[PDB]
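Report on the following structure.
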Amino acid sequence: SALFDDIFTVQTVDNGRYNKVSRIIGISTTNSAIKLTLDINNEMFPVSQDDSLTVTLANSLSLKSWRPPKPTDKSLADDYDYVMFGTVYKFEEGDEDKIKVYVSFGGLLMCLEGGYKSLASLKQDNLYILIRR
Amino acid sequence: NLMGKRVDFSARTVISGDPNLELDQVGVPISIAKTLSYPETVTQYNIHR
Amino acid sequence: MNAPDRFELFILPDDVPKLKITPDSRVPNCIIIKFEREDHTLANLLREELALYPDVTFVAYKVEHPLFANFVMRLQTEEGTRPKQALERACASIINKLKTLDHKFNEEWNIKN
Amino acid sequence: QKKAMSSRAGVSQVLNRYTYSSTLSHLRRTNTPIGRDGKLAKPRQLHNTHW
Amino acid sequence: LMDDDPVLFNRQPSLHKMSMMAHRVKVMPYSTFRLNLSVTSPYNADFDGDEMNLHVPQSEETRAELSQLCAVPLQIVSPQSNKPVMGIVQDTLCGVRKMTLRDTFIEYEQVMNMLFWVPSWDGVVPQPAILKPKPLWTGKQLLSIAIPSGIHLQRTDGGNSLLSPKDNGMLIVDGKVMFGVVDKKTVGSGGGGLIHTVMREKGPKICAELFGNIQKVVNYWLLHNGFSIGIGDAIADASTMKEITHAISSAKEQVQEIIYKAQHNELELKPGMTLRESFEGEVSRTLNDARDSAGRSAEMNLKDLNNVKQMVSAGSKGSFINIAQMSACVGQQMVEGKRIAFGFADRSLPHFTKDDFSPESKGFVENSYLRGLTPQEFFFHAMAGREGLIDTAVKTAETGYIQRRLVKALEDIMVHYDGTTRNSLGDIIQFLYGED
Amino acid sequence: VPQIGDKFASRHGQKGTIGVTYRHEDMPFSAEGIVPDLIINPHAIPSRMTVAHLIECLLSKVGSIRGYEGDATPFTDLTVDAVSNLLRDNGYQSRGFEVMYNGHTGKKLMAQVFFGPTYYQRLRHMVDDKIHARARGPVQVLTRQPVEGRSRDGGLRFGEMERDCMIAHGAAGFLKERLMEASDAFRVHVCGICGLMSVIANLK
Amino acid sequence: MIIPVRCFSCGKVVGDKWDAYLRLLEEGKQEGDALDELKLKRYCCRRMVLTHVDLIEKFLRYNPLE
Amino acid sequence: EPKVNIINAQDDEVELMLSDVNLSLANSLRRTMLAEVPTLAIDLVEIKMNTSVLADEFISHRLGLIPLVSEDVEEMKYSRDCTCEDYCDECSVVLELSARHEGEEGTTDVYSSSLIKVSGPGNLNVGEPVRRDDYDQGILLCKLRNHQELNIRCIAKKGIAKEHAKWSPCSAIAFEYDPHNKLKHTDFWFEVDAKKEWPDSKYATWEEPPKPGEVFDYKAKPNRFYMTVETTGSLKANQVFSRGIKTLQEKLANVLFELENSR
Amino acid sequence: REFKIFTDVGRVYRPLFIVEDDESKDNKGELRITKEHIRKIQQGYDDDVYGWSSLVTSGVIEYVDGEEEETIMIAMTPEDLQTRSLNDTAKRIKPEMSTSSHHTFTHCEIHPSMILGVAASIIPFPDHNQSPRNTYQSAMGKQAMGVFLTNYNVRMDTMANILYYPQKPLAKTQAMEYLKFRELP
Amino acid sequence: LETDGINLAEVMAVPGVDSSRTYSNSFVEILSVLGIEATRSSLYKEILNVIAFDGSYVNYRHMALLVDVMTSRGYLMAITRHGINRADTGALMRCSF
RNA sequence: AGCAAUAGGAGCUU
Ligand SMILES: [Mg+2]
Ligand SMILES: [Zn+2]
Ligand SMILES: [Zn+2]
Ligand SMILES: [Zn+2]
């Protein structure tokens, strides 16, 4: 029920500009040349260098007016630690097999490279990102 | 007296700022709102008022 | 010369109701309440009490102008529940909490002697 | 009195009693009767010798 | 006089057609007039004593004329420079800059209040940017709620990428902010910004309501966040003070070297310019660059939590020169284009020696306002401020005369139904208006 | 009694009028319960560069805490650092910032607020001495136009530049109505042959 | 003119402390210590008493005209 | 679940820690005690002969600002809900002040202790101007020289601080929570380090400082509130607190009543 | 090569300290006023009424008009009379004054704040403001409600405003002791 | 080249000068030498220079209208009483100015 | 159902 499952190894984390927000860069451990840049809330999901993150991209959390979740219901986000919602604002079907996707998580930005055969299904309107560890 | 002249039905007072007014709204003091007037012809849609 | 009276904050006229309820038709099972002659003291108390109930989906208030002593409150609830009953429930809960607080303060003050 | 024109105006003024410092300042005021007929900004300038 | 009556509202002097505009009435106590704060720019008004005039139309033709030609929403874009004249100002700008920072998050209850505060909210709670472990909204979402849908804006600031490491540039898709701090470059009165776009796409009414939506949301957020400024916001740390004073000392040495070169007759003149005027121009260049460099040091020292820096970065008040003069160096004072003249015999003040051309003698203020001016610097700065006040007082009469003569010269000129531009005699001034 | 629209100033060129008044419970408070008499806007300091205003607030706070009068004579060896040292020795944040709470919610403010005593002045310009409206009233004998003066119940001048602005707006009817029906409109009879106002008219 | 009854900022009653403050000042105690003993702890209350100027003494010197 | 822990308790002030309550509740209590607790204050002054140097409305303002004993003011009625014409005995308290200087040297001070209660809804213990001790001289009202006289008939009525500050039972309600900023509700301005440059709260030692190894908690809400109520002597501190609670209770009961009786 | 003596009426003048400038005694280069003069001023008499005029006639203060001011070298403060040997990042840098090898001062300011007038003397820390704001305060302070006179009750004027509860300022200038701003705030 | 002083006709003739591009900042000289349309162009250039000196931008049509009114009669009509009141318009307009 | 004019001076906001 997910669009892009993968495991990433965090390379650099520039806390830097902000206080609650850090930008991370990570290459997939199983399929290199897949790069991931992602802004994350430090206070909600602190991340250190060389850590290993299971990163999921999904078009839904199921298995239009936001209401707080009950304990009794279940969704895909129940198995993860950090879930964000975003808007795809650029799909770069560019060079030979460089495909860049741009997602805006309320101003927290993400970029995802890789071959076309990995990110072809990532051409949507809105995307969820889920993270473990 | 010809290029410019004094006119009736005018008012003047200090201005203040109001974050809660709309852009095309002006807040008018009650005393000025009662001193100034508008002539409204009586018709069959506004006679009760 | 244009200053209104300082007692119109609290003295209710005879032609002005204390409370007036209208429904918000845009979203289901929501109501708009205007409290006349009240201010942040009651509004914030009620808002933060109601915001912690599971069955309350939306609750908010505003004082559109500081020079007028009223506030308006939007409250939505789930399908089965009615926002009015939740409003009475919140009022009763705050009343009970204040009664317990008063009882404990009086006992503590007596013990301090 | 009959030569009010060609005579200096404003040589005497009503003492300002709005507040005490206003009175103290009015009693120490000075006026150069250059007049406003003329846009020479030079005599209006704070000058070194004013120190 | 009753609510929603159109009345003509006016402040003198009425320099352009947007100094007198028609407003809708709302009756209030407390004998002042009340204005929304975004219309204070076309009137050139503020709230420190000003008075404005109100004219009541006495017939239906004049009511309709006011409401359909002079109404405030219709004057947002001006023909003077084909750009908007009303913008977001003076606290909503600073607050929206703070609110649309990348690391600004809002909990559910404050989000709920801000949504209810929006007059045009459609009753749909936006999904939070973060869903786990705690629902958090970013300020960009709450500001995008204010913007109407169907608006697209894109701006690049110094070649930023679509991933915007600095959170610069601007991207708006269907009325939602993807990245970019919202500051003067987006909600100001400049051309091509958000206000101009909404005016051109949606009309004057929706553009007028945009001001109110943004003002209300940002004002609530700033009320519950807070914003202040103190004596500490003008203070730079010790290392920056060392850098600033070193730069000023280096510039003083440079000026002393220029003086030595001029006195031993080895300075290189410039075309159409005397040796003394060349010396003065070079010294003025050096001291202006000294002040600019010290200001740059002070600006780099300021943290992102510095309140002066936040106000400057938002563009709502102050600029880099203000920071420089408060924290680093007031710099050189000019009277009538030159440095401080030798009002005494061969000196500026009787505390100096004869023929002393050093920066301090001829009106260089080495201190900042925070540090305090010396009596000499105080007097020189007083001369400069007096020159400014005289200029403001004296040029306005020439300007008003010029504008009256221009109006009388051009008062009878109208575009006619055949496209031509003719005067009252019927004579052609242009065969097509604006040539387009 | 001071009200909305009265003009007040501090001793550093910082003039302003009252925009609104809040009661004791509505105003922001510090943890000691101190509330301000007056809340001015931060955007008046940077471009006006009235640093003396902030320095004088800090000195006044220290003087009121230690029970003496601060010396603010110009061109003395006093510094902001010494004042901040005194203030910190008195148990307050050395830069005059305080943690204040929102009066409406009691929640802390995310930003700290520059807080302390300052000497303000009550200027002679009161709104109640300026507010004037006129519907109809006395006219001049000679011109039959509204008289001049607030005290005389006069009217406001619709001068030449107001006419220019109305011309730019293209509001011809409004301009005619300002200059005729809101002012000295009259009726005269002319001779259809000679075009002079030498017509003797007996209307009854 | 005459000592205000309340503190402007917070409303503590200071009108019953002016005479005690003057008595404290006669025996040499400096202003801060006198304000401390009168239990004025907030600087608003302190500046209420510390900055009062008693002008009624000057007004009372002109003979009553009745 | 709500809890109270009194830390200091005397007649004029009470210092207490409030816990297990929402911040809105604590702030509503602070606001109610500041603004909506009824007291008694002079609301109508009648001058018979005032030949003092002070003006009539100056003296009237000062008399209105005089604290009066208001212990029993809750058994009294607002002067706008009584059938009576010009003040009766049950919705008002009438005071008299007579002062006079005889002789041609010295100044006679007119104090608030010179106010004399004449009528009032007995045997209710309302009306008297508040004295700190048995030997208190009260508030300074005016000063008198030779042959100058003051003859005043004051009326005292029931009111709240919303209408006018003279009805406020409280001076300053100190109020704070979370001395160590564990919730990160504030964001400290600093030059070098925010921990050195900011003084500790007076209740810092009442809570454990955060450990260096600790991570931020996003579940913690404010739960302990330290507040110090002070009074002007018109009401006692426990009375101010209890009647603020009761006034809030009756405001909520009024809302509930309107809701139920709107069906 | 001219010597001009003026005894005209209407010349504006101001007092200065007299620095001893005779180049023949160890008393050269410092102020002629000493601690005996201040002791006499506090005493109120000389040790075999001692006021300002006695200082003027003893040759320790003199008056100078604008023309005479052309020929003199005024030290700003009594410390400027001697070059100091500092490095205080807080106190303002007193100007270097390095071009001139040896200063020969003839006068010293009594106090530099005396250049201001009556209205500008109310301003606290006027050297931390941009000059237009000082000018606006100089204009606006004359419109400030206070107590113009203590006999306002036996006077009959067209208009009068009296503040109910005037307060002296918490931050005060030395000049206001002479302007009575603390006596009639 | 830039110069002080003005002699347009003789400098335009000097060999080595681009005779088709010499320009003067005195548009009365332009009118005497180059005609009225070149005078209009020069007038617009001067007005644009004066306004845009400080970074101000006035839309083209306003300055175009101002220079077209000043060159409509074939000669330069100054914005003064000596220019405005020498027109053929009605007496009441001219007197009102 | 009816409240002078002309001057000078000081100020307010640009
Ligand atoms: Mg203004
Ligand atoms: Zn005829
Ligand atoms: Zn106080
Ligand atoms: Zn009764």
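Output the residue which, of all residues in the range H:58-92 that are closer than 21 Å to H:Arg132 by Cα and β-branched (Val, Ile, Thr), is nearest to ligand 2 (Cβ to nearest atom). Among them, the one singled out is H:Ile66.
Output the residues belonging to the range F:167-204 that are more than 9 Å from ligand 2 (Cβ to nearest atom) and hydroxyl-bearing (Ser, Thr, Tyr). Steps first, answer last, please.
Keep residues of the range F:167-204 that are more than 9 Å from ligand 2 (Cβ to nearest atom), which gives F:167-189, F:197, F:200-204.
If the condition is that a residue be more than 9 Å from ligand 2 (Cβ to nearest atom) and hydroxyl-bearing (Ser, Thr, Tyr), then F:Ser183 is the only one that fits.
The numbered conditions (1) at the interface with another protein chain (Cβ under 7 Å from one of its Cβ atoms); (2) over 12 Å from the mean Cα position of the chain (by Cα) are all true for C:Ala69 except (1). Could you please find all residues in the range E:90-118 being touching a helix residue (DSSP H, G or I) at 6+ places or on another chain (Cβ under 6 Å) and either farther than 30 Å from E:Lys309 by Cβ or more than 9 Å from every other protein chain (Cβ to nearest Cβ) (or both)? Within the range E:90-118, E:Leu93, E:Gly95, E:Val96, E:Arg97, E:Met99, E:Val118 meet the criteria. Just one residue in the set G:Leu50, G:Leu25 is loosely packed, with under 15 Cβ neighbours inside 10 Å and either within 16 Å of RNA strand K (Cβ to nearest atom) or over 24 Å from H:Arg100 (Cα atoms) (or both); that residue is G:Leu25. So G:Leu65 clears everything in (1) closer than 17 Å to H:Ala172 by Cα; (2) surrounded by fewer than 17 Cβ atoms within 10 Å (Cβ to Cβ); (3) of a type in the set (A, V, I, L, M) except one condition, right? Which one? Failed condition: (1). Residues that are within 7 Å of chain B (Cβ to nearest Cβ) and within 23 Å of B:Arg6 (Cα to Cα) were ranked within the range E:32-44; the one that is nearest to ligand 2 (Cβ to nearest atom) is E:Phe33. Could you list all residues from the range H:6-18 that are at the interface with another protein chain (Cβ under 7 Å from one of its Cβ atoms) and farther than 14 Å from H:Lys236 by Cα? Residue satisfying the conditions is H:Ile6 alone. Considering the conditions (1) out of contact with any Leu (no Cβ under 9 Å at 6 or more places or on another chain); (2) of a type outside the set (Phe, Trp, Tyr); (3) more than 7 Å from every other protein chain (Cβ to nearest Cβ), I:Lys142 is excluded by exactly one of them, (3). Residues satisfying the criterion are absent from the range B:3-14 (criterion: aromatic (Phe, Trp, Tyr) and surrounded by fewer than 19 Cβ atoms within 10 Å (Cβ to Cβ)). The single condition among (1) more than 26 Å from H:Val229 (Cβ to Cβ); (2) hydroxyl-bearing (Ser, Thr, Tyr); (3) surrounded by 21 or more Cβ atoms within 10 Å (Cβ to Cβ) that G:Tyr43 does not meet is (1). A count restricted to the range G:37-55 and to residues that are facing chain F (nearest Cβ under 7 Å), part of a loop (DSSP other than H, G, I, E, B) and closer than 30 Å to I:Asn151 by Cα stands at 0. Out of the residues in the range A:62-84 that are part of a loop (DSSP other than H, G, I, E, B) and within 8 Å of chain E (Cβ to nearest Cβ), state the one that is surrounded by the fewest Cβ atoms within 10 Å (Cβ to Cβ). The qualifying residue surrounded by the fewest Cβ atoms within 10 Å (Cβ to Cβ) is A:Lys64. Kindly indicate whether any position in the range E:50-59 is more than 10 Å from chain B (Cβ to nearest Cβ) and touching a helix residue (DSSP H, G or I) at 6+ places or on another chain (Cβ under 6 Å). So far as the range E:50-59 goes, no, none of its residues is more than 10 Å from chain B (Cβ to nearest Cβ) and touching a helix residue (DSSP H, G or I) at 6+ places or on another chain (Cβ under 6 Å). Against the criterion of being of a type outside the set (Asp, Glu), out of contact with any helix residue (DSSP H, G or I) (no Cβ under 8 Å at 6 or more places or on another chain) and within 18 Å of D:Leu24 (Cβ to Cβ), I:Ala160 qualifies.
Quick one: which residue in I:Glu79, I:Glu69 is closer than 30 Å to D:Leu27 by Cα, out of contact with any strand residue (DSSP E or B) (no Cβ under 6 Å at 6 or more places or on another chain) and acidic (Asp, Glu)?
Just a single option satisfies the conditions, and that option is I:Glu69.
Exactly one condition in (1) assigned by CATH to the domain that holds H:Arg31; (2) over 22 Å from the mean Cα position of the chain (by Cα); (3) buried (at least 21 other Cβ atoms within 10 Å of the Cβ) is false for H:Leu144; which is it? Tallying (1) assigned by CATH to the domain that holds H:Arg31; (2) over 22 Å from the mean Cα position of the chain (by Cα); (3) buried (at least 21 other Cβ atoms within 10 Å of the Cβ), H:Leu144 fails exactly one: (1).
Restricting the range H:36-83 to residues that are of a type in the set (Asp, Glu) and in contact with a strand residue (DSSP E or B) (Cβ under 6 Å, 6 or more places away or on another chain), the residue that is farthest from G:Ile2 (Cα to Cα) is H:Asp72. Residues that are under 19 Å from H:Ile139 (Cβ atoms) and within 16 Å of ligand 3 (Cβ to nearest atom) within the range H:33-82 comprise H:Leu65, H:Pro67, listed in sequence order.
The listed residues are D:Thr19, D:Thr23, D:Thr49, and the only one of them that is more than 16 Å from ligand 2 (Cβ to nearest atom) and either closer than 30 Å to I:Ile72 by Cα or surrounded by fewer than 10 Cβ atoms within 10 Å (Cβ to Cβ) (or both) turns out to be D:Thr49.
The strands (runs of 3 or more DSSP E) located wholly in the range F:110-169 that include 3 or more residues which are more than 9 Å from chain B (Cβ to nearest Cβ) and within 30 Å of F:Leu38 (Cβ to Cβ) occupy F:120-122.
Listed here are the residues, each with its yes/no results for (1) more than 18 Å from the chain's Cα centre (by Cα); (2) surrounded by fewer than 17 Cβ atoms within 10 Å (Cβ to Cβ); (3) more than 14 Å from chain F (Cβ to nearest Cβ).
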residue	(1), (2), (3)
I:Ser58	yes, yes, yes
I:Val64	no, no, yes
I:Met76	no, no, no
I:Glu79	no, yes, no
I:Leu86	yes, yes, no
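Numbers and lists here come from the model and the stated rules, or from a named source; nothing here is a laboratory result. Every residue, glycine among them, receives a Cβ derived from its backbone with ideal geometry; neighbour counts consider all protein chains shown.
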